[PDB]
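Okay, structure first, notes after.
There are 2 protein chains.
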Amino acid sequence: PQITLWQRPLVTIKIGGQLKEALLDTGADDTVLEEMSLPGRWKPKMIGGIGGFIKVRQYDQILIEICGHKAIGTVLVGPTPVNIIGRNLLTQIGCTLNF
Amino acid sequence: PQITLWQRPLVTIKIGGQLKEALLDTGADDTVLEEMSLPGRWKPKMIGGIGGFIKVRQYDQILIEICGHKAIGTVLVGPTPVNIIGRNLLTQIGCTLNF
Ligand SMILES: CC(C)CN(C[C@@H](O)[C@H](Cc1cc(F)cc(F)c1)NC(=O)O[C@H]1[C@H]2CO[C@H]3OC[C@@H]1[C@H]3C2)S(=O)(=O)c1ccc2nc(NC3CC3)sc2c1
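Residue numbers (PDB author numbering), protein chains in the order written: chain B, 1 to 99; chain A, 1 to 99.
Here it is as structure tokens:
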């Protein structure tokens with residue numbers, strides 16, 4: 001699809017057998033999802049944003065389907081206020097910025 | 001231009017007579033710039049992100065040239081770690097997401 005930016009670019013994702021909505025975020029290097037139940041091993045990590053830092057759990061090689069496109073990569077799980085799809089996955093679905 | 005997302009989508013902007021670099025950010029509702037000297041009158045505001053909140057000064061009807069495109073609108077100024085061009089200005093330069 002082509003997505004204009006008059007509203008938030010929200011998309012439906014499927015991850016770990018659950019359905020969620022997430023923001024396509026070109027300003028995010030990594031993908032960060034709200035607290036959710038994800039199978040497998042994870043490694044502790046701290047990431048920084050506009051207001052300071054949060055601790056997250058890093059899961060690698062996680063399959064996500066983003067608006068019908070499959071991708072595999074790293075997902076961070078923690079107290080983000082919104083689910084964010086970052087550039088590590090945006091590149092895999094072929095997403096580009098155009099103006 | 002068409003911008004792919006293997007690197008941060010950084011762009012050169014001119015605002016308040018100064019040249020800066022800023023991140024094209026589809027996950028940002030509003031435009032937030034690092035501390036900088038802007039001429040107008042401002043209004044205190046508080047915005048939320050990944051790690052909490054920061055206090056910013058809001059300036060309205062500020063002219064910004066973004067990769068050669070002119071836009072006018074609200075700019076928030078404060079302790080963000082990165083200059084962020086948000087959707088209030090991305091829509092004015094015709095920016096879309098495509099995949
Ligand atoms: C969290 C998003 C949902 C919102 N944000 C934009 C994201 O694009 C940030 C951009 C950013 C990049 C940085 F490098 C550093 C930063 F400080 C900020 N991305 C990020 O936090 O990424 C982080 C983490 C994610 O992976 C890596 O990539 C970068 C790092 C890192 C770990 S925002 O900044 O908080 C924002 C902007 C405008 C705005 N307008 C408002 N208006 C009111 C509602 C009416 S609310 C509001 C909120």
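Note that the Cβ used here is the ideal one computed from N, Cα and C, for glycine as well.
- Under the Cβ criterion (8 Å, minimum of three pairs), the segment 24-40 of chain A counts as touching the segment 72-80 of chain A.
- Apart from sequence neighbours up to five positions away, the residues of its chain that approach B/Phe-53 with a beta-carbon distance below 6 Å are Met-46, ordered along the chain.
- By the neighbour-count criterion, in which 16 or more other beta carbons inside 10 Å mark a residue as buried, B/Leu-76 falls on the buried side.
- Under the 8 Å criterion on CB atoms, A/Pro-9 is classed as interfacial with respect to chain B.
- Distance from the CA of B/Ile-3 to the CA of A/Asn-98, rounded to the nearest whole angstrom, comes to 6 Å.
- For the segment 7-37 of chain B, the residues whose beta carbon sits under 9 Å from a beta carbon of chain A are, in order, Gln-7, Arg-8, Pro-9, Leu-23, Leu-24, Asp-25, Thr-26, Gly-27, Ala-28, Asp-29, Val-32.
- With a cutoff of 8 Å on beta-carbon distance, A/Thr-26 and A/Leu-89 are scored as not near each other.
- Here DSSP, grouped into helix, strand and coil, assigns B/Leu-38 to coil.
- Under the three-state reduction of DSSP output, A/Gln-92 falls in the helix class.
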